[PDB]
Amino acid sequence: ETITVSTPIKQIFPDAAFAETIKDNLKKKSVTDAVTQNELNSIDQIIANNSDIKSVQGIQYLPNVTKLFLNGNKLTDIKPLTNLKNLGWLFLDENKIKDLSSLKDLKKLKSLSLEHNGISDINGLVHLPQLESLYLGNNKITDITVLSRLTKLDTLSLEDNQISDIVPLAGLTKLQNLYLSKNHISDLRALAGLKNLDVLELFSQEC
């Protein structure tokens, strides 16, 4: 939503680490400083990797954010991201995010990264058919059936998982970069129809 009157940063953003992030972003002197909706509207990018952030509550007041770098934090719930319709790049590596339902309405999201999140079920990704790059390395994924719906992908990383069947990748003609090392792949027939592959990693398969 939005704030109708000047309000302290710490009152909008409960997480102290995230409040500090917003304070630096808006170039304020203290998280106790008051900010307006106009100022929150000016934010189109948040760079907060390894910032010890546990919650991004309050981010719902930043309608124009398009880039969100939140790698290496302590995130679990990303419900606050649900209505950030303009999100184009979302990096959430090294967190513990498993509920991907909050991404369903991010129809402009083009790049999504969720490596090292202990994820196994990615069926929620079906709602992101426009996705162009996807990084899901170092998780516990085995079933990638859903990926057949992401026909716009040109870059996909599924390295260090537990995948055996990659037939779902067969129809992803736009794939240029595919990372599948450290999995359980034996059958490579699914790669017969891929004409645009430039990068392909299949080493260290444990069958």
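Just count from 1 along the sequence shown to find any residue number.
Note on 64 to 72 vs 45 to 53: mean CA B-factor is higher in 45 to 53.
Across the two stretches, 12 to 20 and 189 to 197, the PDB entry reports the greater mean Cα temperature factor for 189 to 197. The maximum CA B-factor among the listed residues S157, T36, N138, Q176, taken from the PDB record, is found at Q176. Based on the entry's C-alpha B-factors, the most elevated value among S113, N86, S101, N117 belongs to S101. The entry lists a Cα temperature factor for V167 that places it in the highest third of the chain's modelled residues. Residue-level temperature factors show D105 in the middle third of its chain, judged at the C-alpha atom. Among the modelled residues of the chain, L150 sits in the highest third by CA temperature factor in this PDB entry. When all modelled residues of the chain are sorted by CA temperature factor, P80 is found within the lowest third.
The entry lists a Cα temperature factor for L180 that places it in the lowest third of the chain's modelled residues.
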